């Protein structure tokens, strides 16, 4: 039926986008996950637990991504003033710079794949799928 197709098409779009993003982001020395980590911390420090849960990826995958971004000087680990085991991943200036370059790449690709759509259509679709997301997130967790 149609409702099945909306969800399955969403999935196919995600897989194709994730693959192309991985390729285009490679030139900034980042994978799609590394970019997601930068996007998440671009607006504030994030715990590694949050990162793994928000983007549905193993904790070991987050550890690998953060270790990498840290070596690249794009994020830093900030330990609580009194506690030490409590860690927050904060983005750096260089990281924000790289993130912004990542956003342009994402924006460029988003403009292409949605080219057959007009502003009205884009807004119409966005409004409607935002409802779908609200529902699945209320269900999923």
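Residue numbers count along the first chain shown, from 1.
Asks: On average, are the C-alpha B-factors higher in 23 to 31 or in 66 to 74?
Replies: Looking at the recorded C-alpha B-factors, 23 to 31 comes out higher on average.
Asks: On average, are the C-alpha B-factors higher in 77 to 85 or in 96 to 104?
Replies: Per the PDB entry, the higher value belongs to 77 to 85.
Asks: Taking the values straight from the PDB record, which of 133, 124, 16, 10 has the highest C-alpha temperature factor?
Replies: The record points to 124.
Asks: If you rank the chain by CA B-factor, which third does residue 110 end up in: lowest, middle or highest?
Replies: Middle third.
Asks: Divide the modelled residues of the chain into thirds by Cα B-factor and specify which third, lowest, middle or highest, holds residue 47.
Replies: For residue 47, whose C-alpha B-factor we compare with every modelled residue in the chain, the answer is the middle third.
Asks: Using only modelled residues of the chain, where does the Cα B factor of residue 53 rank: lowest third, middle third or highest third?
Replies: Residue 53: CA B-factor falls in the middle third of its chain.
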